[PDB]
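Observations on chain architecture
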Amino acid sequence: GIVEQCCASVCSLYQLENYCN
Amino acid sequence: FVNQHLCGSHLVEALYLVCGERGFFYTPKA
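The rules behind each value
- Residues numbered from 1 in each chain as written, not as in the entry; some residues may be left out.
- Chains lettered and ligands numbered in written order.
- Heavy atoms only, no water.
- Helix = DSSP H or I, 4+ residues; strand = E, 2+ residues; numbered from the N terminus.
- Buried < 20%, exposed > 50% of the residue type's maximum accessible area, 1.4 Å probe, protein only.
- Contact = heavy atoms within 4.5 Å.

The deposited coordinates derive from solution NMR.

Listed in the archive, the entry goes by the title "Solution structure of Zn free Bovine Pancreatic Insulin in 20% acetic acid-d4 (pH 1.9)".

**Details of the environment of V3 of chain A**
Relative to the elements of secondary structure, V3 of chain A occurs in the segment before α1 (14-17). Given a relative accessible area of 29%, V3 of chain A falls into the partly exposed group. Taking the C-alpha atoms as reference, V3 of chain A lies 7.3 Å from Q15 of chain A; in sequence the two are 12 residues apart. Apart from the residues lying within four places of it in its own chain, the contact partners of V3 of chain A are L11 and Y26 of chain B.

So this is what it looks like as C-alpha cells:
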C-alpha cells in the first residue's frame, strides 16, 4: 500500500492510480 | 491532495473518485 504516504507527506494522485486496474 | 496530510479512508474515497468502477488491485498478495 502507498496510502500511509498520505498520512506522513504531501499526498498526490499518482499514489492512487499506481495501485488500481 | 486534500489540504492536509490527515490519515484515513478519505484516500480510499479518493480511489473511488479516480478508478471507481473496478474496485482496487493493491500490491503484496497470495
